[PDB]
Structures are given as structure tokens and as C-alpha cells.
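Enquirer: turn this into a structure:
(one chain, ligands or ions: 1)
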Amino acid sequence: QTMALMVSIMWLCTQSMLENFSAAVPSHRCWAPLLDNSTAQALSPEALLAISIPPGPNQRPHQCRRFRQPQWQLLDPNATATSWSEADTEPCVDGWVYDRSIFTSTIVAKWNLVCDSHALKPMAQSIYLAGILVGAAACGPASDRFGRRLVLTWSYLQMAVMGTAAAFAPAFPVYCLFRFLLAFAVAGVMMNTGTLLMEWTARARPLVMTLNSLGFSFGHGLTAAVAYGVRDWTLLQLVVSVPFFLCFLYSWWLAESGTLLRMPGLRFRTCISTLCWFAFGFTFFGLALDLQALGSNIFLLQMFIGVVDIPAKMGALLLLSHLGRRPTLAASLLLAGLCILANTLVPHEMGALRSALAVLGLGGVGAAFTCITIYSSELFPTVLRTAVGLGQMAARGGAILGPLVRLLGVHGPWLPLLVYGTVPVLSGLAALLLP
Ligand SMILES: O=C(c1cc(Cl)c(O)c(Cl)c1)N1CS(=O)(=O)c2ccccc21
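Expert: Numbering: from 1, shown residues only. Sharing the structure here:
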């Protein structure tokens, strides 16, 4: 049934977007004696925070440095500001405390993802996407040998097990391994769902496709409410993985009640298709995992993303039927690129406009994915149609490289978004030359 696959892809969407909320970084500072000790520390907590922690980014108290001694010189206005020396600070060693207003417990606040380990969250996303790649590369022969239903049930069981395991992970490497196995099973489910929806009915192939995307969509759209309802990441992952335990009931139908010629042949079409897939995967998995910086409210941002991505990718099929395949694809790619570029061009004070631009860019990359996945079925004849698998592998590689460019935020907060806006523009300019 199509409804079962839609529910499955919606829950896989919740599992995928779980990383955007469980790895959210709140405003943090490390333990200070004049702010977290007993009453003897004294009134005016802002003055205590100012004299105990030097200023930092965005004219805020430094989230990564603490004063070893209380600097009373900055509190009295008669003295010159920024008079403290660098030697008076200590490397924020006494452990970090986090704001429990928005999120009560996250993977950043649990394992102390701080300056020295700030690359762990993008490294965790990269490990997840590498697990996705390994699963997509491995479950192929497994599905061809052991059957699609058996590997589907095994992947569902693995998703459930790894979800319940990562919900209670005591260490960071163990959590990374759990996420790697969960991503392996996610990729297995993805491959099986794609292989089944490609040939269950198909003329109706574009309709079925539009459909699994209206899918991941209703998804991010429902995962925002789930993240808003459950403030603890452990119980959040638990209640996200329980639906997979429920879907495991359909195992065994209720108990019975090669192709390397894609590179030399059509090399131009092959490289262009792989470039578009790489660009889409890169942009999507680089933007959909850092929504905290793209908007002011992550939940409202995701809800707006979904409610605007529904009609865009709905009319994407009308555009494909009326205007063609290449023109609408190039137009959507250029629109997404221009939106992500204007997201950096606009100042950060226009939060609503930044959120709107991010939503428009995500809708554009979704429409571009729809266009390219409809066009890949006609770029190559039946003899060459594993070009689709090669494009999928290229998109997975782009997804993997996605979080790796986010490390450039030290050189500037706009560089990752600058790349996320520049890559789709070049992708559309290259796809414009398609026949
Ligand atoms: O990862 C993939 C993916 C990769 C390949 Cl190679 C595929 O063939 C397919 Cl169908 C999906 N995503 C991530 S997503 O947000 O679910 C999402 C939403 C909409 C379209 C694709 C897609």
C-alpha cells in the first residue's frame, strides 16, 4: 500500500531531521564560582556574569573563556572598557552549563561539544552520511540476494534497535556508532523503497515520485511538532523509533496471513547529472542541519519550510509537464542559489526575511531534486538506465561533504552559506546546456 510507504518515509524523515534538533547548540558558558556556587558568591547577576566572563562574539560574554579572578574594573563605568589582559583568563576548564529554557537536554550539552570539540557535530553528521553511503552501497546485493522484504524487515529492526540504543548512549563514540548503524539501515530502507516505488505500478512513475517527496515533506513538517512537544532528546528519539517497532508488525506480510559503461557512454550527460545530484545533496544536507542560524525560531522555520515546500514540489510536476525538464530544473536551481546568496546578502537583523529566503531556497532545491529525478529516467536509454545509482552515489557524496564545509565558519559566518548559494547557481548554469 502507498499509505504504508508514505508513513514509513515520514518516520524516516523524522529520524533524519532528528539531527537538526538533538544537536542544537544553545547559549552556553562554563562553570564559574561567582555564578553557580552557593549564596556566599554575593545580586545583579548580569554584573556578575560581566565581571566573571569577558566579552566575545556578537558583543556577548565569551562562551569559551572565563576570568580566573573577578575583574571589577569593567563594572565601574569610570574605567576604560576592555582593559583586561589575555593572561587573566583561563581556558574554560571547569565544565560547561547550558540554558535549559529551549532544550532541556541535547547531545551538545551532554558530551560538552565546545570550542575544542566544536567540529564533532559536523563530524557526527559526516559519520551519519558516510553510514548512509555505506548502506546504500551494501544493501544493493543484499536486496538482490535475500529479497526485498527480508532486507526491509531487517533494516526496520536495525533502525528501531539503533534508535533505542542511541537514545541511551553513555559515550560519544558509542553514539556515533549507533548513528552509523541507524544510517546504514536508513539507507537500506531508502534503496528498497525506491526500488519498489519505481516498478510497483509503472506512466504513473512521476506521480509516485512526487509522492514520496510530498512525503519526506509532510515529514519535516511533522517532525517540528514532535521536537516541540518533547524537549528531551532521549525520549524524543524513543518516541520517534517506536513507530518503527509498530511498522515491524508487517514483517513477512503478517507471517503469510557491472554497468560501468556509464562513464564513457554519454559522458557529458553523466557528469552533468552527477553534478546536479551532488549539488542538491550538498546544499540540502548543509542547510537542513543548521536551521538554528537560518532563522530565529527553529520549529516555526521548519513548519514554514514544509508548508511552502508542499505546493512548490506539488506544482513541480505541472512545470515538468508544461515547460519541460531542463528549463524548470535550471530555473529552480537558479532561484534556490539566488535565495541562499541573498540570505547572506541581507543583514542578520531581518530575521523574518532570512527565514523566508531559507524556506524558498529549500523549496527550490526540493523542486530541483524532483526535476532531476524525473529527468534521470530519460537522460539515458534502457541499456544504461546504473546511471541512476551513480547519480545517487554522487548525491550521497555531496551530502557527506555538506557538513565538512561548515567548519569554514571560523573564517566567516557567511562562507558555508556562500558556498550553499554558489554551488546551485553553477549547477543550474551547467544543466542549462542539457539537451
Ligand atoms: O536522501 C535523500 C535521497 C537520496 C537519494 Cl539518492 C534518493 O534516491 C532519494 Cl529518493 C532520497 N533525500 C533526503 S530527504 O530529505 O529525504 C529527501 C526529500 C526529498 C527528496 C529526496 C530526499
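
Enquirer: for the residue most central in space within the chain, list the residues it contacts.
Expert: The chain has residue 289 as the residue nearest its centroid, 3.0 Å off, counting by CA atoms, centre = their mean. Going by CB atoms under 8 Å, 6 or more residues apart in numbering, residue 289 touches 19, 20, 23, 125, 402, 403. For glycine as for every other residue, the C-beta is placed from the backbone atoms N, C-alpha and C.

Enquirer: reformat these into a markdown table and put secondary structure next to each item.
Expert: A markdown table is the format used below for these (DSSP: H, G, I helix; E, B strand; the rest coil):
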| residue | secondary structure |
| --- | --- |
| 19 | helix |
| 20 | helix |
| 23 | coil |
| 125 | helix |
| 402 | helix |
| 403 | helix |
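
Enquirer: so which of those would you say is closest to residue 164?
Expert: Of all the contacts of residue 289, residue 164 sits closest to residue 19, with 16.9 Å by CB to CB.

Enquirer: residues near the closest one, how many?
Expert: When neighbours are counted by other CB atoms under 10 Å, residue 19 registers 20.

Enquirer: isn't it up against residue 125?
Expert: Yes: Residue 19 is within contact range of residue 125, at 6.1 Å (criterion: CB atoms under 8 Å).

Enquirer: near the ligand at all, the helix or strand containing residue 186?
Expert: Residue 186 belongs to helix 172-199 when assigned by DSSP states H and E. Yes: applying CB under 6 Å from any ligand atom, one finds helix 172-199 in contact with the ligand at 190, 194.

Enquirer: give the buried residues for that helix.
Expert: Along helix 172-199, these residues count as buried under the neighbour rule (16 or more other CB atoms under 10 Å): 172, 175-195, 197.

Enquirer: past it, which element shows up next along the chain?
Expert: helix 205-229.

Enquirer: if you look at that following helix, does any of it touch the ligand?
Expert: Yes: shown here: helix 205-229 in contact with the ligand (CB under 6 Å from any ligand atom) through 213, 216.

Enquirer: helices or strands next to that helix in the packing?
Expert: helix 2-22, helix 172-199, helix 233-247, helix 298-322, helix 351-379 (3 or more CB pairs under 8 Å, 6 or more residues apart in numbering; DSSP states H and E).

Enquirer: what separates the fourth one from the chain centre, distance-wise?
Expert: Its chain's C-alpha centre and that of helix 298-322 lie 17 Å apart, by CA atoms, centre = their mean, to the nearest Å.

Enquirer: pull the residues that contact it.
Expert: By CB under 8 Å, 6+ apart, helix 298-322 touches 17, 20-21, 24, 206-207, 210, 213-214, 217-225, 227-228, 291-292, 294-295, 328, 332, 355-356, 358-360, 362-364, 366-367, 370-371, 374.

Enquirer: distance to residue 35 added to the helices and strands packed on helix 205-229, as TSV?
Expert: What follows is the helices and strands packed on helix 205-229, written out as TSV (distance: least, CB to CB, whole Å):
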stretch	distance to residue 35
helix 2-22	27
helix 172-199	26
helix 233-247	25
helix 298-322	27
helix 351-379	29
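
Enquirer: what is the burial count for residue 15?
Expert: 24.

Enquirer: which residues of the stretch 51-200 of the chain lie near the ligand?
Expert: Within the stretch 51-200 of the chain, the positions adjacent to the ligand are 190, 194 by CB under 6 Å from any ligand atom.
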